[PDB]
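**Student:** Take the authors' numbering: the final residue in the sequence shown is number 744, and no numbers are missing along the way.
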Amino acid sequence: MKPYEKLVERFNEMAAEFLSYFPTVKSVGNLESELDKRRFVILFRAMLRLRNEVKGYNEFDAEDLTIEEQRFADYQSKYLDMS
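1. Run the CB neighbour count on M662, radius 10 Å, all protein chains shown included, and call it buried at 16 or more, exposed below.
2. Excluding the 5 residues preceding and the 5 following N719 in the sequence, name in chain order all residues of the same chain whose CB lies nearer than 7 Å to its CB.
3. For the candidate residues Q737, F672, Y665 and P664, whose alpha-carbon lies nearest to that of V702?
4. Output needed for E729: all residues of its chain with C-beta closer than 8 Å, excluding positions within five of it in sequence on either side, in chain order.
5. Going by alpha carbons, who is nearest to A676 out of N713, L704, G717 and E666?
6. Leaving out five residues before and five after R700 in sequence, what residues of the same chain have Cβ atoms less than 8 Å from its Cβ?
Structural data, given as structure tokens:
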């Protein structure tokens with residue numbers, strides 16, 4: 662399959678796994694241990710890089726991705742405060 666489709670499949674697997682750890686934005690806010698905060702930062706950095714990478718294709722369509730843009734931005738605000 663084409664490069665874009667490959668990366669979308671990877672992003673979506675990463676996301677469903679991310680979501681099984683941090684189901685909502687507020688759940689990130691509730692993290693207490695530093696290991697958990699680090700886990701979230703590291704996971705979210707990798708999703709964030711892969712998301713930017715798929716936006717670097719002509720065929721990019723947000724609908725192709727798990728997690729809406731706005732919701733993703735809301736996790737990103739937490740990540741920016743947290744890192």
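Here a beta-carbon is modelled for each residue, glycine too, at the ideal position from N, C-alpha and C.
**Tutor:** Result, derived from the coordinates:
1. exposed
2. none
3. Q737
4. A723
5. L704
6. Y682
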